[PDB]
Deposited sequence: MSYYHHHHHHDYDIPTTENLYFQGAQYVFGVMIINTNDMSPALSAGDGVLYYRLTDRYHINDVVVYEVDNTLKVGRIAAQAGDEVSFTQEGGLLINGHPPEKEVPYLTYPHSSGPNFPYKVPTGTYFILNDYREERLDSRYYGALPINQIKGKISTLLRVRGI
């Protein structure tokens, strides 16, 4: 029904997505591993959904991520540490929200800083990428 188009403008989602990528996203109920466009502070961001309503989200001392004890499907070539000004973990994911992580985990301004994003702040699932340079 509703489709958006944007140019990715950070490397928060690298290497899955890079600055300058073109994306198409549509407004959806999301699923773990969906990559979504969302808004915080009148600013569009992209991130991947690591957890949904009810899950608990914990860290290991060795930079690892746990959703309900067990670590995630998706792997990234980074260690995941908490943000110091973020909610306490372990962290329970509220109804109507989704816990969102940057694939490039060294950028810690995702749900680890904001908490889970409410639905009304999620603009849609990215269904198509067109990369036209920097292959």
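Ranges of the deposited sequence (numbered from 1) for which no C-alpha atom is modelled:
Unmodelled stretches, in sequence order: 1-26, 55-56.
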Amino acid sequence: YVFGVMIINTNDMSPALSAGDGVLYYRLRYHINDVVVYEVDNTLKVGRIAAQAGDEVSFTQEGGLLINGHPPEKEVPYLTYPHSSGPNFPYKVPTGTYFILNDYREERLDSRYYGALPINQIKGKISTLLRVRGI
From here on, numbers count along this sequence of modelled residues.
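Mean Cα B-factor comparison, 49-57 or 68-76, giving the higher one as deposited
Stretch with the greater average CA B-factor: 68-76.
Mean C-alpha B-factor comparison - 98-106 and 59-67, higher one
Comparing 59-67 with 98-106, the higher average CA B-factor belongs to 59-67.
So among 38, 30, 81, 26, who wins on Cα B-factor in the entry?
Answer for 38, 30, 81, 26: 81, with the highest C-alpha B-factor.
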